[PDB]
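There are 2 protein chains.
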Amino acid sequence: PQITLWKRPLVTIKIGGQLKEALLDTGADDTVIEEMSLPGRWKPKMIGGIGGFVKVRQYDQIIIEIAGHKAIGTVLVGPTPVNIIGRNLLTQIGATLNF
Amino acid sequence: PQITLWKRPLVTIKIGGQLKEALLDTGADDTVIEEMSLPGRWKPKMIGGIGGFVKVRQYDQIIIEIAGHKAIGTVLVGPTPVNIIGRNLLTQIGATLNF
Ligand SMILES: CC(C)CN(C[C@@H](O)[C@H](Cc1ccccc1)NC(=O)O[C@H]1CO[C@H]2OCC[C@H]21)S(=O)(=O)c1ccc(N)cc1
Ligand SMILES: [Cl-]
Ligand SMILES: [Cl-]
Ligand code: NA
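These protein sequence lines map, in sequence, to chains A and B.
For the first sequence, position 34 matches number 34 in the authors' numbering, and the numbering has no gaps at all.
Basically the authors' numbering = 1-based index in the second sequence + 100.
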């Protein structure tokens, strides 16, 4: 689709067997999701933004379906106020910013 | 342009006659820039980022060029890790996300 930016660009994702709403975020390097369980190995990580840093768990090689488009990559899990799809997965679905 | 997301979508902005680097950020409701002098009055605003809430200074009706496109709108000034162009100004320059 072509998504305007009058409102937040929220889409439905499927991750870990769960449907969630997430923000398509060109300003986020990395995908970050609210607390949930995911399978496999993980390691701790700190990510920072406005407000400072938060501690997250880094899970690699996780499959996500974003608005119907499958992708695989790293997913960070932790206390984010909103689920965010960052560039690491936006590239995989062919997302571009156009003007 | 059509900007892919393999690297951060950084552009040049011009504000107050000065060139700066900023990130095109679909996950930001609002444009937030690092400490600088802007004309006129300001109003208080709280914004909530990934690490919590921060106070910023809200300046309205500021002339700003974004990758060569003219915009006039609200600019927040405060402790951000990078200058961010949010949806309030991305809409002014006609940006959409496409996949
Ligand atoms: C500040 C950016 C350089 C980085 N961020 C992405 C950014 O899009 C966040 C994404 C975001 C969105 C909502 C809540 C928290 C974080 N937006 C944000 O902080 O925007 C603020 C300015 O406008 C307001 O509207 C939204 C919050 C305010 S971030 O959330 O801190 C972040 C940092 C690292 C990763 N991997 C993922 C996300
Ligand atoms: Cl990845
Ligand atoms: Cl590509
Ligand atoms: Na894994």
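For every residue, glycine included, the Cβ atom is placed at its ideal position computed from N, Cα and C.
Review point. Whose C-beta lies closer than 7 Å to the C-beta of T12/A among residues of the same chain, with five residues either side of it excluded?
Key: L19, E21, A67
**Study point:** Proximity to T131/B [Cα-Cα], best of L105/B, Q161/B, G151/B
**Key:** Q161/B
Point to revise | Closer than 7 Å: residues whose CB approaches a heavy atom of ligand 4 | key: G40/A, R41/A, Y59/A, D60/A, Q61/A, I62/A
Review point. Who pairs with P144/B in a beta bridge, going by DSSP?
Key: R157/B
Practice item. Write down every uninterrupted run of the beta strand (DSSP E) in the region 57-81 of chain A whose length is 3 residues or greater and which is fully enclosed by it, in chain order. Key: 69-77
Exercise for review: Let me know the secondary structure DSSP gives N188/B once reduced to three states.
Suggested key: helix
**Study point:** Check: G73/A C-beta below 7 Å from any heavy atom of ligand 2
**Key:** yes
Check your understanding: Taking the alpha-carbon positions, what's the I150/B to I47/A distance?
Key -> 9 Å
Check your understanding: Using a threshold of 7 Å, is the CB atom of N98/A nearer than that to any non-hydrogen atom of ligand 2?
Key -> no
Point to revise | Where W142/B meets chain A, residues with beta-carbon distance less than 9 Å | key: The contacting residues do not exist; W142/B stays about 18 Å from chain A at best.
Check your understanding: Is it right to say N83/A is buried, meaning 16 or more other beta carbons lie within 10 angstroms of its own, or is it exposed?
Key -> buried
**Study point:** Proximal chain B residues relative to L23/A, where beta-carbon distance stays under 7 Å
**Key:** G127
Practice item. For the beta strand (DSSP E) containing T196/B, list its first residue and its last residue. Key: 196-198
**Study point:** Under 7 Å by beta carbon: chain A residues contacting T180/B
**Key:** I50
Exercise for review: Could you tell me how far apart the beta carbons of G27/A and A128/B are, in whole angstroms, since I believe they sit closer than 8 Å?
Suggested key: 6 Å
Check your understanding: Should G17/A be labelled buried (16 or more other beta-carbon atoms within 10 Å of its own) or exposed?
Key -> exposed
Exercise for review: Output, in sequence order along the chain, the residues in the region 58-76 of chain A whose CB is closer than 9 Å to any CB in chain B.
Suggested key: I66, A67, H69
Exercise for review: Determine the DSSP secondary structure at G52/A, reduced to helix, strand or coil.
Suggested key: strand
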